[PDB]
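So you know, we letter chains A, B, ... as the sequences are listed, proteins then strands, and number each from 1. Order of listing sets the numbers, starting from 1, for every ligand and every atom in it. Just so it is clear, the values below take in all heavy atoms, side chains as well, and ignore hydrogens, waters and symmetry mates.
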Amino acid sequence: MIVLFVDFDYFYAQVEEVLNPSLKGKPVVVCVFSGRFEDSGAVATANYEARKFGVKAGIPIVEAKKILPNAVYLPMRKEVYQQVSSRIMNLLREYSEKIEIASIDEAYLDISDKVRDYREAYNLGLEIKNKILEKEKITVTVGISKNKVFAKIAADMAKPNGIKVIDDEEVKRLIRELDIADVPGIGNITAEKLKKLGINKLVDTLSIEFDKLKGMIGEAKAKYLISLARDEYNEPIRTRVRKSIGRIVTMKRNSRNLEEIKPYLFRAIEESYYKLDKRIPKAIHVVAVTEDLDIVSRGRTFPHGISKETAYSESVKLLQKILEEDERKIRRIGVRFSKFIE
DNA sequence: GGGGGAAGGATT
DNA sequence: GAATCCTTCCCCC
Ligand SMILES: Nc1ccn([C@H]2C[C@H](O)[C@@H](COP(=O)(O)OP(=O)(O)OP(=O)(O)O)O2)c(=O)n1
Ligand SMILES: *P(=O)(O)OC[C@@H]1CC[C@H](n2ccc(N)nc2=O)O1
Ligand SMILES: [Mg+2]
Ligand SMILES: [Mg+2]
């Protein structure tokens, strides 16, 4: 089994770059402006020029403008990015039908039946980068290894516009030396608590009693890390669809008033049914964000499809429940749709 | 005993 | 901040 993983370089910022020639060699920061106070919101993506001075995804915009005030700041245009992404993934499909589109900026190809060894895979990867650059002017990084996780790790390593093979000797070395925080699917909440116990490398995961590990990070992550350190991670490359679509918006202050909150909620529904195409969800969640970092939701699932008009009524009810079962005022309001037909 | 569903939590 | 996916828990056949 040979896996070829493809990840798009600083993707939202790079698409803005391709579109706007007046930008490339400068620092570029793609943001989501919550539209509240001036410069309210966060950084979604920054190019490498911007990253050098500390500005990266998830930091507050006002923070990015202190450590790098003169950069070019741009609002997120997710639909533009999604159009480009869709085109590149159709390019990817041509190299393998065994493809796992994991997110808007990355995918896994099972190229086992296509190539006989890592040398041929590396040439294939080069051909893939070349065609994506040619057709879309977008640089990508390719990872190649024996399974999905290590192929991504290879891409993580290959910096931007790179390509890298992690062979079998290399996985063994990586199991012992790679930081747990560098493992796909392991975020900082998980990395930090493990690190306090001295669990810093994948191999350490074997040194700790399974039951303690499961009590810390949960059964799934435990087994996941353990399977990695044991060099027996399986999981084939399979077709993936987006499971949920939704809209969450920030309100201009506001509070508890129903008829005040309702107009935002309604817009989020419009946008969510817009983005759903002709998918048809069976479940709906209304999500509100309180006056703190507190996120509260209420949902309902039906034995059938939810018509858009029906989305309206149910979503108000769900909101009524949130308002009734929580005293804090509401800052942001949204809706998520899931459990689609087929 | 194991879906399924709901509510909260974590990752990108 | 926004979008999405993951984790835990409850209940009933
Ligand atoms: N706190 C965070 C972390 C990440 N993201 C988004 C930004 C990224 O565009 C996207 C995917 O993460 P990537 O690490 O792949 O980021 P980039 O594609 O922008 O750059 P790179 O390819 O170097 O990873 O997740 C976000 O919105 N908020
Ligand atoms: P990123 O570094 O570009 O990685 C994206 C991947 C796609 C799926 C997966 N993912 C997404 C969202 C959540 N909550 N959990 C995940 O594991 O990361
Ligand atoms: Mg990327
Ligand atoms: Mg990515």
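- Protein heavy atom closest to atom 2 (O) of ligand 2, with residue, atom name and distance, is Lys152(A) NZ, 3.3 Å.
- Of the N or O atoms in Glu106(A), one or more lie within a sub-3.5 Å distance of an N or O in ligand 2.
- Using a 4.0 Å cut-off between a side-chain N of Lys or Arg and a carboxylate O of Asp or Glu, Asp292(A) and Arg331(A) do not qualify as a salt bridge.
- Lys114(A) and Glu120(A) are not joined by a salt bridge, as no carboxylate oxygen comes within less than 4.0 angstrom of a charged side-chain nitrogen.
- With salt bridges taken as basic N to acidic carboxylate O contacts below 4.0 Å, none links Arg93(A) and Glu97(A).
- Within the protein, the N, O or S atoms lying under 2.8 Å from the Mg ion (ligand 4) are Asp7(A) OD1, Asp105(A) OD1, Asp105(A) OD2, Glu106(A) OE1.
- The salt bridge (charged side-chain N to carboxylate O under 4.0 Å, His left out) search around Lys282(A) returns none, not counting sequence neighbours.
- Closest to atom 17 (O) of ligand 2, if we only count protein heavy atoms, is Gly185(A) CA, 4.8 Å.
- The residue among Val140(A), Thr45(A), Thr139(A), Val43(A) with a heavy atom at the shortest distance from atom 8 (C) of ligand 1 is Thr45(A).
- A salt bridge does not link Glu324(A) to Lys321(A): none of the charged nitrogens lies less than 4.0 Å from a carboxylate oxygen.
- Each of the atoms 15 (O), 18 (O) of ligand 1 lies under 4.0 Å from some heavy atom of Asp105(A).
- Protein heavy atoms come within 4.0 Å of atom 5 (C) of ligand 2.
- Looking at residues two or more places apart in sequence or on another chain, you find a side-chain contact (heavy atoms from CB on, under 4.5 Å) between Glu63(A) and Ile59(A), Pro60(A), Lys66(A), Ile67(A).
- When each atom of ligand 1 is checked for a heavy atom of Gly58(A) under 4.0 Å away, the hits are 1 (N).
- Judged by distance alone, the side chains of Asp9(A) and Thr139(A) do bring a donor and an acceptor atom under 3.5 Å apart.
- Contact check on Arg298(A) versus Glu325(A) returns a salt bridge, with a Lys/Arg side-chain nitrogen under 4.0 Å from an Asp/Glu carboxylate oxygen.
- Ring centroids of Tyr73(A) and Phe33(A) are separated by 6.0 Å or more, keeping the two rings apart.
- The existence of a salt bridge linking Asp113(A) and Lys98(A) is confirmed by a sub-4.0 Å separation between a basic side-chain nitrogen and an acidic carboxylate oxygen.
- Near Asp105(A), with a cut-off below 4.0 Å to any heavy atom, the atoms of ligand 2 are 3 (O).
- A search for salt bridge (charged side-chain N to carboxylate O under 4.0 Å, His left out) contacts involving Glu127(A) returns nothing, not counting sequence neighbours.
- Under the 4.0 angstrom criterion, atom 13 (C) of ligand 2 counts as lacking any protein heavy-atom contact.
- For atom 7 (C) of ligand 2, the closest non-hydrogen atom of the protein is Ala102(A) O, 3.3 Å.
- Side-chain atoms of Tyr233(A) and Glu235(A) include a donor-acceptor pair closer than 3.5 Å.
- Atom 10 (N) of ligand 2 is not flagged as protein-proximal [any protein heavy atom, distance under 4.0 Å].
- Within ligand 1, counting atoms from 1 as listed, the ones closer than 4.0 Å to a heavy atom of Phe11(A) are 17 (P), 18 (O), 19 (O).
- Listed by number with element, the atoms of ligand 1 under 4.0 Å from a non-hydrogen atom of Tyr48(A) are 23 (O).
- Inspection of the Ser313(A) and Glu309(A) side chains reveals no N or O donor paired with an N or O acceptor under 3.5 Å.
- Ligand 1 is approached by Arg51(A) to a heavy-atom distance shorter than 4.0 Å.
- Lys152(A) and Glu106(A) are joined by a salt bridge, as a carboxylate oxygen and a charged side-chain nitrogen come within less than 4.0 angstrom of each other.
- Below 4.0 Å from some heavy atom of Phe8(A) lie the following atoms of ligand 1, by number and element: 18 (O), 22 (O).
- Below 3.5 Å of separation, one finds an N or O of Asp7(A) facing an N or O of ligand 1.
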